[PDB]
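Quick note, our numbering runs 459 ahead of the 1-based positions in the sequence shown.
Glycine included, C-beta positions come from ideal geometry on N, C-alpha and C.
Beneath this line is the structure, given in C-alpha cells, with notes to follow.
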Amino acid sequence: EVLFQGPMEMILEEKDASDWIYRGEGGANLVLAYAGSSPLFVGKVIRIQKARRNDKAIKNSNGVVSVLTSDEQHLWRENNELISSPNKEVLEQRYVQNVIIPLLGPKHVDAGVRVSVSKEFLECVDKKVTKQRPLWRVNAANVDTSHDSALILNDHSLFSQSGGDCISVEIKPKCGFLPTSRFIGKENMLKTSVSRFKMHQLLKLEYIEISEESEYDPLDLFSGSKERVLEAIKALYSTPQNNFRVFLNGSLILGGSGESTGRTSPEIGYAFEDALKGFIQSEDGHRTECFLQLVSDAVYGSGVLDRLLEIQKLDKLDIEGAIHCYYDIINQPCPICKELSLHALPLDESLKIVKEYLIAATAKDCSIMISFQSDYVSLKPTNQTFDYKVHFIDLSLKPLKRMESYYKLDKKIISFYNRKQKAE
Ligand SMILES: O=P(O)(O)O[C@H]1[C@H](OP(=O)(O)O)[C@@H](OP(=O)(O)O)[C@H](OP(=O)(O)O)[C@@H](OP(=O)(O)O)[C@H]1OP(=O)(O)O
Ligand SMILES: Nc1ncnc2c1ncn2[C@@H]1O[C@H](COP(=O)(O)OP(=O)(O)O)[C@@H](O)[C@H]1O
Ligand SMILES: [Mg+2]
Ligand SMILES: [Zn+2]
C-alpha cells in the first residue's frame with residue numbers, strides 16, 4: 460500500500476505550452492492537439508477562446524467583467540446553472556449540456572471537460588502558434604489571456620484509444636433550408652428561393668475572401684436524398700472553401716488551415732489521390748471517388764443531418780421577423796419599423812422567438828467530424844469495410860447583441876445579390 464495525493468484539479472502551466480501544436484481555428488476559438496505522452500491528454504485537443512484585439516470587456520453595473528449581460532441572463536433564465544456560469548468555459552459547457560444536448564441527443568455531442576490554465580500558459584501558446592496562423596486571423600484576434608480555464612475535448616481526427624490509419628472529414632454544412640417568413644418583403648423575395656449560403660458566396664467574392672463561388676449547395680446535403688448528398692460531397696471536395704477538410708491521422712490533407720482555401724486543382728487532386736494510398740484499395744485514379752462515396756454513405760447513413768436541420772428551423776421568422784422581437788426584448792423603440800403582429804406579442808413570446816433564433820444560429824454554424832477506420836460503411840465498389848464515428852463540434856452560444864449584426868449582414872447580402880441579379 461502506497462499513499463497517493465488527494466484529488467487535485469489539473470492546471471496547465473507555462474512549461475506545458477510546448478506539448479500542444481496548432482490544429483486550427485474558427486472565428487471565436489483556437490484549437491491545439493496534444494503532442495506529449497501524458498495519458499490525461501493523449502488523443503485530446505484543447506479549445507482556447509480568442510479575443511478580438513479591439514473588443515471591450517463586458518461589465519456589470521459595478522464595473523466587474525462578467526459572463527452574461529442582464530439581457531442574456533434573462534433570455535437564458537430557464538436554466539439556473541447556465542446563467543450562473545462563473546466564466547466563459549463553464550458557460551459553453553453548460554450551454555452544450557443543458558440547451559443543445561436535450562435537442563440534438565448525447566450520442567454525437569460532448570460538452571467537454573474544463574482545465575485550469577495560467578496566464579503564462581496562454582501567452583506562450585499564443586506566441587508559439589502565431590507562425591502557423593493565417594495572417595488575417597492574427598490581425599484580428601489572439602488568445603484571450605485573461606481566461607483561467609480552457610476546454611479539453613476528444614480528438615475526432617483520431618479513431619484511437621490498433622486499426623491502422625484514420626481518415627477524418629470535417630464538414631461545416633451551414634444552413635440547409637429556405638425561409639418562408641411573412642416578414643420578408645417583396646423586394647427581398649429571392650430569399651425564399653436562393654439559399655443564404657449561395658447569396659453569401661457572391662458577397663464573399665466581392666470582398667476577396669474567396670477566389671471563386673463554391674459549387675456546394677447546402678440544400679443538397681440536407682435533402683435526405685442519398686443522390687443529392689453525394690453531389691454535395693463532390694461539390695465540397697471540388698471547392699472546399701471553409702466547409703470541408705480531410706485529415707490523415709490528424710494531419711490536414713485537403714482544405715485550409717484556420718481559413719478557407721481555393722478550389723481543388725488537378726495537382727491538389729493528385730496529391731490527395733496519393734494521400735489515400737493504402738487506406739482505400741483502388742487503382743491509381745479511383746481512390747478519391749471511392750472516398751467521396753464513403754463520406755457520402757456515412758453522412759446519409761448516420762442521419763445526423765436530420766435532427767440538426769430541425770434545430771436550424773427554430774429560426775421560424777427569419778432575421779427580418781426576429782429583429783423586431785429583439786428590440787422588444789431589450790425594450791428599445793424599433794428602428795426597423797417607421798407594426799403590430801410581432802410588437803403586440805407578450806414579452807414571453809418575444810423572448811422565446813429570440814432564444815430559438817440564437818439556438819438556430821448555433822446549429823447553422825457548427826461542424827461535423829466523421830472519422831473512418833478499416834456503425835460501419837462498406838463500399839460497394841472495392842469490397843472494404845470501414846467503421847466510422849460522427850461528432851458535432853463548435854455548438855457555441857451566440858451573443859444576443861449579434862442580432863443587430865445579423866440583421867445588417869442579411870440586409871447587405873440580399874441587397875448585393877439583388878443588384879447583381881438586376882444587372883441584365
Ligand atoms: O470566421 P469564419 O471561418 O468565416 O467562420 C465564421 C464564424 O464561424 P466559426 O465560429 O465556425 O469560425 C462565425 O462565428 P464566430 O466564430 O465569429 O462566433 C459565424 O458567425 P455566426 O455563427 O454568428 O453567424 C460566421 O457565420 P455567418 O457568415 O453565417 O454569419 C462564419 O462565417 P462563414 O461560415 O460564412 O465563413
Ligand atoms: N474536438 C475536436 N477534434 C478534432 N478537431 C477539432 C475539434 N474541435 C475543433 N477541431 C478543429 O479545430 C478547428 C476550429 O475549431 P472551432 O471550435 O470550430 O473554432 P471556433 O469555435 O472559433 O469556430 C475546427 O475547424 C476543427 O478542424
Ligand atoms: Mg465559433
Ligand atoms: Zn419593429
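If we ignore side chains and look at the alpha-carbon of each, how far apart do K586 and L868 end up? Rounded to whole angstroms, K586 to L868 spans 33 Å at the Cα level.
In three-state DSSP terms, what is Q832? strand
Residues that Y835 bridges to, as DSSP identifies them: DSSP output for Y835 lists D846 as bridge partner(s).
Can you grab the Cα-Cα spacing for the pair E473 / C583, in whole Å? Their Cα atoms are separated by approximately 7 Å.
Whose CA, out of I795, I770, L768, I789, lies closest to the CA of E779? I795
For ligand 1, is there a heavy atom less than 7 Å away from the beta-carbon of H659? yes
Does the Cβ of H802 have 16 or more other Cβ atoms within 10 Å, making it buried, or fewer, making it exposed? exposed
Cβ of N601 within 7 Å of any heavy atom in ligand 3? no
Would the C-beta of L695 count as close to ligand 6, meaning under 7 Å from any of its heavy atoms? Summarising the ligand content, the structure contains ligand 1, ligand 2, ligand 3 and ligand 4 and does not contain ligand 6.
Which of the three DSSP states is assigned to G483 in this structure? strand
So what's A757 in DSSP terms, helix, strand or just coil? helix
Span of the alpha helix (DSSP H), counted from its first residue to its last, around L859: Where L859 is concerned, there is no enclosing alpha helix (DSSP H), given that its DSSP letter is neither H nor E.
List in chain order: all unbroken beta strand (DSSP E) runs of 3+ residues lying wholly within the region 538 to 612. 572 to 576, 600 to 602
I need the DSSP call for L678, collapsed to helix, strand or coil. helix
Three-state class that DSSP yields for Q740 in the structure shown: Three-state result, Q740: coil.
Element boundaries [alpha helix (DSSP H), containing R655]: 655 to 665
Are the region 756 to 766 and the region 639 to 650 touching, with three or more C-beta to C-beta distances below 8 Å? no
Counting only the same chain and skipping the five closest in sequence on each side, list residues whose C-beta sits under 8 Å from that of residue 894. No answer is possible for residue 894: it lies beyond the span of the chain, which begins at 460 and ends at 883.
Between the C-alpha atoms of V490 and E726, what's the straight-line distance to the nearest angstrom? 29 Å
Check: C583 C-beta below 7 Å from any heavy atom of ligand 4: no
Nearest-angstrom Cα separation, counted from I669 out to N701: 10 Å
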